[PDB]
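Remarks on the structure that follows.
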Amino acid sequence: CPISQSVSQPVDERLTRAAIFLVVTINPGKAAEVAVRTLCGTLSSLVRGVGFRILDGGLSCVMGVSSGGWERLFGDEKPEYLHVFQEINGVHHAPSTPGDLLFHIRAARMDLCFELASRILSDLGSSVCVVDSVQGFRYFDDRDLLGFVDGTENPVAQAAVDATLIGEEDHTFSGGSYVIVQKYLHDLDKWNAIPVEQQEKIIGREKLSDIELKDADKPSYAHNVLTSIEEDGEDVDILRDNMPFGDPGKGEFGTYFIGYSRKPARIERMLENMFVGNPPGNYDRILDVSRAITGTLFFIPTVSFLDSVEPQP
Ligand code: MH0
C-alpha cells in the first residue's frame with residue numbers, strides 16, 4: 001500500500017489561497033544528484049516542520065521529476081509514460097521548455113509557501129538552477145483572470161482518485177501520477193472587447209451564474225466541448241489546479257495550467273483538440289487571447305518511494 005502524494009486531496013479540500021510553482025534543473029555533477037536525493041528523502045519532514053504550527057494552513061508540496069531528471073537521478077526502470085513533452089504546431093504553438101524538478105507548493109497563506117520554497121532552495125544550494133518561479137493567488141470566487149469560474153467540472157473524491165493515481169497497469173509505480181504544466185499570458189484588453197454572451201459561447205458556461213450552457217446553444221469550438229473527450233464511450237477526467245498570477249506594475253496577467261492524469265495521453269489529446277482543432281482548424285479561441293510560453297511533463301512518485309530514497313553519496 002504505497003502512500004501517494006497529496007495530488008487530489010488539496011483540491012477537494014478547497015483551502016488553497018496561494019501557490020508557488022518552482023521549476024529547476026540539476027547542475028552537472030554527482031554532488032548535485034546527492035543533494036537532490038537528500039531533499040527527496042527529507043521533503044515530507046520539511047513540509048511537516050514548516051506547516052504544522054499553523055492550524056488550518058493547508059500547506060502541501062508535490063514534487064515531480066522529468067524524463068531527464070529520472071535518467072540522471074535514478075536508474076532505467078522509467079515509468080511507462082514518462083517522456084519529454086512534445087511541442088504542438090497547429091493554429092497555435094505549444095512550446096516544449098526545459099525543467100528537471102517541479103515543486104508545486106500550495107497553502108491557504110502566502111508565507112507558508114514562501115517559507116517552504118526558501119527552505120527547499122536553501123537545502124539545494126548551487127546543485128540546481130531555477131528555470132521558472134511563479135507565485136499564484138486566488139482571484140475572487142475561484143475565477144481566472146478572464147472572469148469565469150474555473151474548476152467546476154473537476155472530479156471529486158473517488159473520481160479524482162481514479163483520474164490521477166496509477167493503478168496496476170504499471171504495478172511498479174502504482175500510486176504515482178503524471179502532470180503537465182503550462183504557463184499562459186493573457187491579453188485582457190482583447191478579451192474584454194468581446195461581449196459577454198460571445199465569451200460565454202467561447203467558454204461554454206455562463207459568466208456570473210457559472211451555469212453550463214445548454215448543448216444546443218454552444219459552438220463546436222467551445223472550450224468545455226473540445227476538452228471533453230471519451231475513451232470506449234465513457235467520459236474520462238483529468239484534475240486541474242489552474243492558478244492566476246501576474247504583476248500589474250509590469251503588465252503581466254497570466255494563468256498557470258497544471259493538469260494531473262494517470263494517463264498523460266488524455267491531456268495531450270485535449271491539447272491537440274485545442275491547439276490543432278477537432279476537427280482540424282476548429283481550434284480554441286481562448287488561445288486567441290492566451291499565449292503558452294512553457295510546457296513540461298513530470299512524473300509524480302509516491303510518498304513511500306520518496307521517503308525510501310537514499311543519497312548513496
Ligand atoms: C489540456 C487541457 C486544458 C487546458 C490547456 C486548459 C486551459 C484553460 N482552461 Fe480549461 N483547460 C483544459 C482542460 C479543461 C477541462 C477538461 C475542462 C472541463 C470541461 C468539462 O466540461 O468537463 C475545462 N478545461 C474547463 C474550463 C472552464 C470552465 C469549467 C470548469 O472550470 O470546470 C474554464 C473557465 C476554463 N477551463 C479555463 C481555462 C483557461 C483560462 C485556460 C488557459 C488559459
Side-chain angles (χ1 to χ4, degrees), residues 21 23 66-68 81-99 102 131-132 134 144-148 150-151 153-154 163 178-194 198-205 213 215 217-232 235-245 252-299:
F21 300 98
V23 162
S66 77
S67 64
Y81 314 114
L82 188 50
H83 60 272
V84 182
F85 163 87
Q86 285 293 102
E87 82 184 15
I88 308 169
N89 302 276
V91 185
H92 293 275
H93 177 72
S96 195
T97 58
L102 163 79
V131 160
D132 188 359
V134 173
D144 58 358
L145 286 196
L146 294 198
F148 282 81
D150 203 354
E153 290 306 294
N154 261 312
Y178 292 94
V179 71
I180 296 170
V181 292
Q182 287 202 294
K183 180 147 164 186
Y184 286 80
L185 285 177
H186 298 321
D187 289 351
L188 301 180
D189 59 358
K190 182 178 173 68
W191 173 257
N192 288 322
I194 311 154
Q198 185 40 240
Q199 289 169 341
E200 282 181 358
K201 305 308 197 68
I202 301 155
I203 300 287
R205 298 180 68 89
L213 298 184
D215 292 331
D217 47 297
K218 309 162 50 174
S220 61
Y221 57 85
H223 175 77
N224 71 352
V225 159
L226 301 174
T227 56
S228 295
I229 71 174
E230 282 179 332
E231 293 183 321
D232 294 318
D235 308 331
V236 290
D237 283 331
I238 68 160
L239 191 79
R240 306 161 294 124
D241 201 83
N242 300 10
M243 203 87 165
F245 74 92
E252 295 143 35
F253 306 137
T255 285
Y256 210 88
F257 168 76
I258 185 165
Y260 294 91
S261 183
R262 77 190 286 160
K263 184 48 192 84
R266 295 182 180 176
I267 300 169
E268 297 155 356
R269 200 174 137 191
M270 302 171 165
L271 275 182
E272 287 291 325
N273 292 341
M274 287 158 84
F275 283 66
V276 184
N278 183 250
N282 198 237
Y283 70 103
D284 188 69
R285 284 86 172 100
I286 296 300
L287 306 178
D288 299 1
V289 305
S290 315
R291 192 224 304 182
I293 56 170
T294 69
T296 301
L297 186 147
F298 296 98
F299 166 69

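We count residues from 1, following the sequence as given. In what follows, every heavy atom counts, from backbone to side chain, and hydrogens, waters and symmetry copies are set aside.
- A pairwise comparison of heavy atoms in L146 and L188 identifies CD2-CD2, 3.8 Å as the closest pair.
- Checked against side chain to side chain donor-acceptor pair (under 3.5 Å), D187 has no partners two or more places apart in sequence or in another chain.
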Criterion side-chain contact (heavy atoms from CB on, under 4.5 Å) on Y178 and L297, from CA distance to verdict: CA-CA 7 Å; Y178 292 94; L297 186 147; 4.3 Å; yes
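- Every residue was checked against the side chain to side chain donor-acceptor pair (under 3.5 Å) condition with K183, not counting sequence neighbours, and none meets it.
- Not counting sequence neighbours, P98 has no partner by the side chain to side chain contact (heavy atoms under 4.5 Å, CB included) test.
- The 12-atom threshold is not exceeded at CD of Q86, counting heavy atoms of other residues, nucleotides or ligands nearer than 6.0 Å.
- Looking at every heavy atom in both residues, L226 comes nearest to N282 through CD1-O, 3.9 Å.
- Taking all atoms of both residues into account, the shortest heavy-atom contact from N278 to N273 is CB-OD1, 3.4 Å.
- Ring centers of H92 and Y283: under 6.0 Å apart, within the cut-off.
- For the side chain to side chain contact (heavy atoms under 4.5 Å, CB included) criterion with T294, the lone passing option out of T97, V181, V23 is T97.
- Between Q199 and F148, the shortest heavy-atom contact is O-CZ, 3.7 Å.
- Under the side chain to side chain contact (heavy atoms under 4.5 Å, CB included) rule, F298 has a single partner from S67, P264, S66, which is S66.
- With hydrogens and angles ignored, the 3.5 Å screen pairs a side-chain donor or acceptor of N154 with a backbone N or O of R240.
- Closest of all the heavy-atom pairs between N89 and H93 is OD1-ND1, 2.7 Å.
- Of the residues listed (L271, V236, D237), the one engaging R266 in a side chain to side chain contact (heavy atoms under 4.5 Å, CB included) is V236, and it is the only one.
- Although no hydrogens or angles enter the test, the distance criterion places no donor-acceptor pair under 3.5 Å between the side chain of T255 and the main chain of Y184.
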